[PDB]
């Protein structure tokens, strides 16, 4: 079995691009996923994506990732970062390294958003850089997996 990256999107992320005409639209979750997939293909890495509003579905997906041989996870937990011990335990239980990504700056909002049950065990965290944040996580992930020289 080989090296795959898995991108996990948490609850409410499916909403992206419904705001549309000005404040945040028109960009969508599928648009993000499509860019990442292209980015991965360009490096000859198999990338899969998942989104759910259900915490249990996310946990199940992480469990499947281990059996599937996934090497690294890029996860935007969204609201679940502040609340889900089960998510943290699933990631730890499978021992697949992960990078935490947030489109918005979690630190610029309510104080409860400062707390995370994931960040302390993540390799790294990116927030506030929008969709580029996932790309950055992917770029890092590729180097870690297929290190240094490609030529």
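Each form is matched to the other, and the largest set of C-alpha atoms that superpose within 1.5 Å is called the rigid core. Numbering follows the first chain given and starts at 1.
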Q: May I ask which stretch, 37-45 or 23-31, sits farther from the shown form in 8 other deposited structures of this protein once every structure is superposed on the core, judging by RMS CA distance?
A: 23-31
Q | Farther-lying stretch by C-alpha RMS in 8 other deposited structures of this protein (rigid core fit) among 127-135, 14-22 | A | 14-22
Q: Decide which of the stretches 91-99 and 52-60 has the higher mean C-alpha B-factor, going by the entry.
A: 91-99
Q: Quick one: say whether 109-117 or 25-33 has the higher mean Cα B-factor in the deposited entry.
A: 25-33
Q: Comparing against every modelled residue in the chain, figure out the third that the C-alpha B-factor of residue 126 lands in (lowest, middle or highest).
A: middle
Q. Ranked by Cα temperature factor within the chain, is residue 13 in the lowest third, the middle third or the highest third?
A. lowest
Q.
How does the C-alpha B factor of residue 45 compare with the rest of the chain: lowest, middle or highest third?
A. highest
Q: Taking the chain's C-alpha temperature factors as the reference, tell me which third residue 38 falls into: lowest, middle or highest.
A: highest
Q: Please rank the C-alpha B-factors of the chain's modelled residues and tell me whether residue 83 sits in the lowest, middle or highest third.
A: lowest
